[PDB]
Structures are given as structure tokens and as C-alpha cells.
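Working notes, beginning with the structure itself.
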Amino acid sequence: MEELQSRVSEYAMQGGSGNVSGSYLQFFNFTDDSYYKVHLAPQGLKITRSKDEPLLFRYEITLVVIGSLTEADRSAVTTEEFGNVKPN
Amino acid sequence: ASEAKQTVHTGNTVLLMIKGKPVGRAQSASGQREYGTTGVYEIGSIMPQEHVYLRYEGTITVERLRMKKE
């Protein structure tokens, strides 16, 4: 649980330039076959531990989907570029 | 064996007095007193670290054969 909290803290804090230039999170929902690219929702990683179940941690995550992981980034797609885009 | 030497209380050596008079021809009297005692638990440790007392739930039941009057 602490490793999780530290990953999420590090991902969230480094995003202070509008948006990370690298990847978003990748979410391998292996149980039912489906794959997504996701970002931390504004609910964030809410962690709690009540009186009931004293020695068990609980975590609540909320995420927003950017797109399927099958598809590469929009701007990164290599266009046709036949002929010459940089005329002399 | 004898009343003057026995170590235990019995139905025959006790009288039940209400408002200054003995109750006649009762069959049983039973009293439950419960403090609602409950233990105080804690995150991180599974066992309670003290008990505390809530409400003095105190009761007595009287069962009696009906005297012809009174």
C-alpha cells in the first residue's frame, strides 16, 4: 500500500508543467479482457482504515479514460508525407 | 445439614420482603443486572485495550401463585 501511495504521489507531483510529455498511466484490466490508457481522476487516491478490520487497508481509486491502449498517440501518427514537405 | 451450620443459601432459608411485608407463596425470583460492558478497539491492533460501562440495565422478575385475595 505504501509503494502504491508513493508511486501515485510521484506521478501526481511531477505533472506540474500542464501535462507530462511521456505516457499517461496504463491500466491492464486483465480479469475481463480490456485495455485502457487512463489518468488520475479528481477524486484521487483516497486511503482509509476504520475500526472494523483494523489490520486491513482499503483503497479507493477513480480514473478517467483517455483512449484504448491499442491505438498510438494522436499527434505521433506518421502521416503520408509523400513528395516533400520542406521545399527548397 | 442444619440451618445453623449450612454454607449455602436455599429457597427455604430466604424471605422476600416488599414494602415491609413478606411475600406469600412466591415460586421464583430472578434478577439480571447488565452493565452493557463493551471493549474499546483500535486501528492497527486487533484486541481491545480496556472495557467501559454503558447503561445500568437492571431487572427483577417475581413469579407467584395467586393468593385468594391480597
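A note on labels: chains of the C-alpha cells are A, B, ... as shown, every chain counts residues from 1, and ligands are counted from 1 in their shown order.
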Kindly provide, as an NGL selection string, the residues of chain A having any atom no farther than 12 Å from an atom of chain B, counting only C-alpha atoms.
:A and (48-57)
Okay, now the selection with N, CA and C atoms, as a compact mmCIF listing (two decimals), in the first residue's frame?
```txt
# COMPACT_ATOMS: atom_id res chain seq x y z
N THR A 48 -8.15 4.87 3.61
CA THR A 48 -8.80 4.91 4.91
C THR A 48 -8.64 3.56 5.59
N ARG A 49 -8.80 3.59 6.92
CA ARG A 49 -8.73 2.38 7.74
C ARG A 49 -9.57 2.64 8.98
N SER A 50 -10.78 2.08 9.00
CA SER A 50 -11.72 2.26 10.09
C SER A 50 -11.47 1.26 11.21
N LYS A 51 -12.31 1.34 12.24
CA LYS A 51 -12.23 0.42 13.37
C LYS A 51 -12.45 -1.01 12.92
N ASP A 52 -13.47 -1.23 12.10
CA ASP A 52 -13.71 -2.56 11.54
C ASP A 52 -12.57 -2.94 10.62
N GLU A 53 -12.10 -4.18 10.76
CA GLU A 53 -10.95 -4.68 10.02
C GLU A 53 -9.74 -3.81 10.35
N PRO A 54 -9.23 -3.86 11.59
CA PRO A 54 -8.15 -2.94 11.96
C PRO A 54 -6.86 -3.15 11.17
N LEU A 55 -6.52 -4.39 10.83
CA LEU A 55 -5.25 -4.73 10.21
C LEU A 55 -5.34 -4.85 8.68
N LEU A 56 -6.45 -4.42 8.07
CA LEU A 56 -6.62 -4.42 6.62
C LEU A 56 -6.74 -2.99 6.12
N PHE A 57 -5.91 -2.62 5.15
CA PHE A 57 -6.06 -1.34 4.47
C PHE A 57 -7.08 -1.45 3.34
```
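Within 12 Å of residue 14 (chain B), once only C-alpha atoms are used and residues closer than 3 positions along the same chain are dropped, the contacting residues are residues 3, 8, 9, 10, 11, 17, 22, 23, 26, 28 and 29 of chain B.
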Could those selected residues go to a file with N, CA, C and O atoms, as a CSV table (one decimal), in the first residue's frame?
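Listing of again.csv after writing:
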```csv
chain,number,residue,atom,x,y,z
B,3,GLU,N,-29.7,-25.7,59.5
B,3,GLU,CA,-29.8,-24.3,59.1
B,3,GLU,C,-28.7,-23.5,59.8
B,3,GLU,O,-28.2,-22.6,59.2
B,8,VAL,N,-24.7,-22.6,52.3
B,8,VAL,CA,-25.3,-22.3,51.1
B,8,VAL,C,-26.7,-21.7,51.3
B,8,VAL,O,-27.4,-22.2,52.3
B,9,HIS,N,-27.1,-20.8,50.5
B,9,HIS,CA,-28.5,-20.3,50.6
B,9,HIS,C,-29.4,-21.2,49.7
B,9,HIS,O,-29.0,-21.7,48.7
B,10,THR,N,-30.6,-21.3,50.2
B,10,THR,CA,-31.6,-22.2,49.7
B,10,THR,C,-33.0,-21.4,49.6
B,10,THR,O,-33.1,-20.3,50.2
B,11,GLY,N,-33.9,-22.0,48.9
B,11,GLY,CA,-35.3,-21.5,48.9
B,11,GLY,C,-35.9,-21.4,50.2
B,11,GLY,O,-36.8,-20.5,50.4
B,17,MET,N,-39.2,-9.6,51.0
B,17,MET,CA,-40.0,-8.6,51.6
B,17,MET,C,-40.2,-7.4,50.7
B,17,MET,O,-39.3,-6.8,50.1
B,22,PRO,N,-43.8,-9.7,54.2
B,22,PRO,CA,-43.2,-10.8,53.4
B,22,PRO,C,-44.2,-11.2,52.3
B,22,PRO,O,-45.4,-11.3,52.4
B,23,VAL,N,-43.6,-11.6,51.1
B,23,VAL,CA,-44.4,-12.1,50.0
B,23,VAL,C,-44.8,-13.5,50.3
B,23,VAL,O,-44.0,-14.3,50.8
B,26,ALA,N,-44.8,-17.1,46.7
B,26,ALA,CA,-43.9,-17.0,45.5
B,26,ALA,C,-43.4,-18.3,45.1
B,26,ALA,O,-43.4,-19.3,45.9
B,28,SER,N,-40.6,-18.3,42.2
B,28,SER,CA,-39.2,-17.9,42.0
B,28,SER,C,-39.0,-16.4,41.8
B,28,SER,O,-39.9,-15.7,41.2
B,29,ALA,N,-37.9,-15.9,42.2
B,29,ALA,CA,-37.5,-14.5,41.9
B,29,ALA,C,-36.1,-14.5,41.3
B,29,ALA,O,-35.2,-15.1,41.8
```
Would you mind telling me which residue in A:85, A:40, A:45, A:20 lies nearest to residue 6 (chain A) when using only C-alpha atoms?
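Selected residue with least distance to residue 6 (chain A): A:45.
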Report the residues of chain B whose backbone DSSP state falls under strand (DSSP E or B), written as a ChimeraX atom specification.
/B:17-18,21-22,26-34,38-39,42,45,51-52,57-64
Same residues, N, CA and C atoms, saved as a PDB file, in the first residue's frame:
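Output below, filename again16.pdb:
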```pdb
ATOM      1  N   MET B  17     -39.212  -9.598  50.963  1.00  0.00           N
ATOM      2  CA  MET B  17     -39.983  -8.554  51.636  1.00  0.00           C
ATOM      3  C   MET B  17     -40.228  -7.387  50.690  1.00  0.00           C
ATOM      4  N   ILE B  18     -41.503  -7.044  50.526  1.00  0.00           N
ATOM      5  CA  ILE B  18     -41.961  -5.944  49.685  1.00  0.00           C
ATOM      6  C   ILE B  18     -42.753  -4.983  50.564  1.00  0.00           C
ATOM      7  N   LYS B  21     -43.562  -6.064  54.179  1.00  0.00           N
ATOM      8  CA  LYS B  21     -44.309  -7.297  54.408  1.00  0.00           C
ATOM      9  C   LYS B  21     -43.648  -8.459  53.668  1.00  0.00           C
ATOM     10  N   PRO B  22     -43.758  -9.692  54.171  1.00  0.00           N
ATOM     11  CA  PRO B  22     -43.238 -10.847  53.421  1.00  0.00           C
ATOM     12  C   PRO B  22     -44.169 -11.242  52.279  1.00  0.00           C
ATOM     13  N   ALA B  26     -44.765 -17.094  46.686  1.00  0.00           N
ATOM     14  CA  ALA B  26     -43.916 -16.980  45.511  1.00  0.00           C
ATOM     15  C   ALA B  26     -43.392 -18.350  45.086  1.00  0.00           C
ATOM     16  N   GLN B  27     -42.948 -18.424  43.830  1.00  0.00           N
ATOM     17  CA  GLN B  27     -42.308 -19.609  43.271  1.00  0.00           C
ATOM     18  C   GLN B  27     -40.866 -19.368  42.858  1.00  0.00           C
ATOM     19  N   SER B  28     -40.562 -18.251  42.198  1.00  0.00           N
ATOM     20  CA  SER B  28     -39.171 -17.891  41.961  1.00  0.00           C
ATOM     21  C   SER B  28     -39.032 -16.389  41.781  1.00  0.00           C
ATOM     22  N   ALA B  29     -37.870 -15.879  42.188  1.00  0.00           N
ATOM     23  CA  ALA B  29     -37.456 -14.508  41.921  1.00  0.00           C
ATOM     24  C   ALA B  29     -36.080 -14.534  41.275  1.00  0.00           C
ATOM     25  N   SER B  30     -35.925 -13.831  40.149  1.00  0.00           N
ATOM     26  CA  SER B  30     -34.668 -13.858  39.409  1.00  0.00           C
ATOM     27  C   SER B  30     -34.348 -12.441  38.963  1.00  0.00           C
ATOM     28  N   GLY B  31     -33.079 -12.069  39.101  1.00  0.00           N
ATOM     29  CA  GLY B  31     -32.627 -10.722  38.814  1.00  0.00           C
ATOM     30  C   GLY B  31     -31.447 -10.694  37.871  1.00  0.00           C
ATOM     31  N   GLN B  32     -31.579  -9.946  36.778  1.00  0.00           N
ATOM     32  CA  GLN B  32     -30.495  -9.706  35.837  1.00  0.00           C
ATOM     33  C   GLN B  32     -30.060  -8.252  35.926  1.00  0.00           C
ATOM     34  N   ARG B  33     -28.756  -8.054  36.082  1.00  0.00           N
ATOM     35  CA  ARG B  33     -28.133  -6.738  36.072  1.00  0.00           C
ATOM     36  C   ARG B  33     -27.012  -6.797  35.057  1.00  0.00           C
ATOM     37  N   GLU B  34     -27.116  -5.992  34.002  1.00  0.00           N
ATOM     38  CA  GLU B  34     -26.115  -5.954  32.946  1.00  0.00           C
ATOM     39  C   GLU B  34     -25.651  -4.518  32.774  1.00  0.00           C
ATOM     40  N   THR B  38     -18.522  -3.072  27.294  1.00  0.00           N
ATOM     41  CA  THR B  38     -18.059  -3.129  25.916  1.00  0.00           C
ATOM     42  C   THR B  38     -16.582  -2.762  25.865  1.00  0.00           C
ATOM     43  N   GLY B  39     -15.816  -3.439  24.999  1.00  0.00           N
ATOM     44  CA  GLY B  39     -14.402  -3.136  24.858  1.00  0.00           C
ATOM     45  C   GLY B  39     -14.138  -2.081  23.797  1.00  0.00           C
ATOM     46  N   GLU B  42      -9.345  -0.450  18.298  1.00  0.00           N
ATOM     47  CA  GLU B  42      -8.277   0.432  17.860  1.00  0.00           C
ATOM     48  C   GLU B  42      -7.802  -0.004  16.482  1.00  0.00           C
ATOM     49  N   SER B  45      -4.263  -2.553  15.990  1.00  0.00           N
ATOM     50  CA  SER B  45      -4.224  -3.646  16.955  1.00  0.00           C
ATOM     51  C   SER B  45      -5.597  -4.286  17.029  1.00  0.00           C
ATOM     52  N   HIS B  51     -12.182  -2.182  28.836  1.00  0.00           N
ATOM     53  CA  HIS B  51     -13.637  -2.155  28.764  1.00  0.00           C
ATOM     54  C   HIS B  51     -14.139  -0.857  29.380  1.00  0.00           C
ATOM     55  N   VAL B  52     -15.378  -0.500  29.017  1.00  0.00           N
ATOM     56  CA  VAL B  52     -16.079   0.627  29.616  1.00  0.00           C
ATOM     57  C   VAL B  52     -17.518   0.171  29.819  1.00  0.00           C
ATOM     58  N   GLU B  57     -28.583  -1.664  33.072  1.00  0.00           N
ATOM     59  CA  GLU B  57     -29.803  -2.384  32.717  1.00  0.00           C
ATOM     60  C   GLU B  57     -30.120  -3.395  33.818  1.00  0.00           C
ATOM     61  N   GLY B  58     -30.948  -2.969  34.783  1.00  0.00           N
ATOM     62  CA  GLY B  58     -31.239  -3.733  35.995  1.00  0.00           C
ATOM     63  C   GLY B  58     -32.691  -4.162  36.140  1.00  0.00           C
ATOM     64  N   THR B  59     -32.932  -5.460  36.366  1.00  0.00           N
ATOM     65  CA  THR B  59     -34.278  -6.028  36.346  1.00  0.00           C
ATOM     66  C   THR B  59     -34.414  -7.137  37.389  1.00  0.00           C
ATOM     67  N   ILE B  60     -35.629  -7.290  37.928  1.00  0.00           N
ATOM     68  CA  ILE B  60     -36.004  -8.450  38.740  1.00  0.00           C
ATOM     69  C   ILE B  60     -37.396  -8.904  38.321  1.00  0.00           C
ATOM     70  N   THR B  61     -37.558 -10.217  38.162  1.00  0.00           N
ATOM     71  CA  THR B  61     -38.842 -10.848  37.888  1.00  0.00           C
ATOM     72  C   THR B  61     -39.311 -11.580  39.138  1.00  0.00           C
ATOM     73  N   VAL B  62     -40.612 -11.503  39.411  1.00  0.00           N
ATOM     74  CA  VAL B  62     -41.254 -12.220  40.510  1.00  0.00           C
ATOM     75  C   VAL B  62     -42.365 -13.083  39.929  1.00  0.00           C
ATOM     76  N   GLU B  63     -42.329 -14.383  40.232  1.00  0.00           N
ATOM     77  CA  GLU B  63     -43.375 -15.315  39.827  1.00  0.00           C
ATOM     78  C   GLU B  63     -44.038 -15.870  41.079  1.00  0.00           C
ATOM     79  N   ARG B  64     -45.372 -15.879  41.091  1.00  0.00           N
ATOM     80  CA  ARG B  64     -46.113 -16.134  42.319  1.00  0.00           C
ATOM     81  C   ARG B  64     -47.430 -16.844  42.011  1.00  0.00           C
TER      82      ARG B  64
END
```
Show me, as JSON, numbers by chain, the residues that have an atom within 12 Å of region 28-34 of chain A when counting only C-alpha atoms, minus same-chain residues fewer than 4 positions from it.
{"A": [38, 67, 68, 69, 70]}
Between CA of residue 60 (chain A) and CA of residue 13 (chain A), what distance in Å does the model show, to one decimal?
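Spanning CA of residue 60 (chain A) to CA of residue 13 (chain A) is a straight-line distance of 19.0 Å.
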Output as a ChimeraX atom specification all residues of region 5-88 of chain A that backbone DSSP marks as alpha helix (DSSP H).
/A:5-14
Keeping N, CA and C atoms, export the residues of the selection given above as a PDB file, in the first residue's frame.
```pdb
ATOM      1  N   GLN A   5       1.011   4.302  -2.713  1.00  0.00           N
ATOM      2  CA  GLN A   5       0.876   5.713  -2.380  1.00  0.00           C
ATOM      3  C   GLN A   5       2.042   6.534  -2.900  1.00  0.00           C
ATOM      4  N   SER A   6       3.232   5.957  -2.902  1.00  0.00           N
ATOM      5  CA  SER A   6       4.421   6.703  -3.286  1.00  0.00           C
ATOM      6  C   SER A   6       4.514   6.823  -4.804  1.00  0.00           C
ATOM      7  N   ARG A   7       4.122   5.768  -5.533  1.00  0.00           N
ATOM      8  CA  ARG A   7       4.002   5.876  -6.988  1.00  0.00           C
ATOM      9  C   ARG A   7       3.018   6.968  -7.372  1.00  0.00           C
ATOM     10  N   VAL A   8       1.823   6.936  -6.782  1.00  0.00           N
ATOM     11  CA  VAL A   8       0.797   7.904  -7.156  1.00  0.00           C
ATOM     12  C   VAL A   8       1.225   9.314  -6.759  1.00  0.00           C
ATOM     13  N   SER A   9       1.871   9.466  -5.600  1.00  0.00           N
ATOM     14  CA  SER A   9       2.363  10.782  -5.210  1.00  0.00           C
ATOM     15  C   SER A   9       3.392  11.296  -6.208  1.00  0.00           C
ATOM     16  N   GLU A  10       4.267  10.410  -6.687  1.00  0.00           N
ATOM     17  CA  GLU A  10       5.346  10.837  -7.567  1.00  0.00           C
ATOM     18  C   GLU A  10       4.819  11.181  -8.953  1.00  0.00           C
ATOM     19  N   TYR A  11       3.853  10.403  -9.439  1.00  0.00           N
ATOM     20  CA  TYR A  11       3.195  10.699 -10.706  1.00  0.00           C
ATOM     21  C   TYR A  11       2.446  12.028 -10.632  1.00  0.00           C
ATOM     22  N   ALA A  12       1.669  12.230  -9.563  1.00  0.00           N
ATOM     23  CA  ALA A  12       0.905  13.463  -9.440  1.00  0.00           C
ATOM     24  C   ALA A  12       1.814  14.685  -9.321  1.00  0.00           C
ATOM     25  N   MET A  13       2.886  14.599  -8.527  1.00  0.00           N
ATOM     26  CA  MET A  13       3.658  15.803  -8.235  1.00  0.00           C
ATOM     27  C   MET A  13       4.471  16.253  -9.444  1.00  0.00           C
ATOM     28  N   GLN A  14       4.988  15.304 -10.231  1.00  0.00           N
ATOM     29  CA  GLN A  14       5.820  15.666 -11.375  1.00  0.00           C
ATOM     30  C   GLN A  14       5.025  16.295 -12.517  1.00  0.00           C
TER      31      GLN A  14
END
```
Would you compute the distance between CA of residue 76 (chain A) and CA of residue 25 (chain A)? Give it in Å to one decimal.
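Atom-to-atom, CA of residue 76 (chain A) to CA of residue 25 (chain A), that is 17.4 Å.
One distance worth recording is that between CA of residue 17 (chain A) and CA of residue 62 (chain A), which is 22.1 Å.
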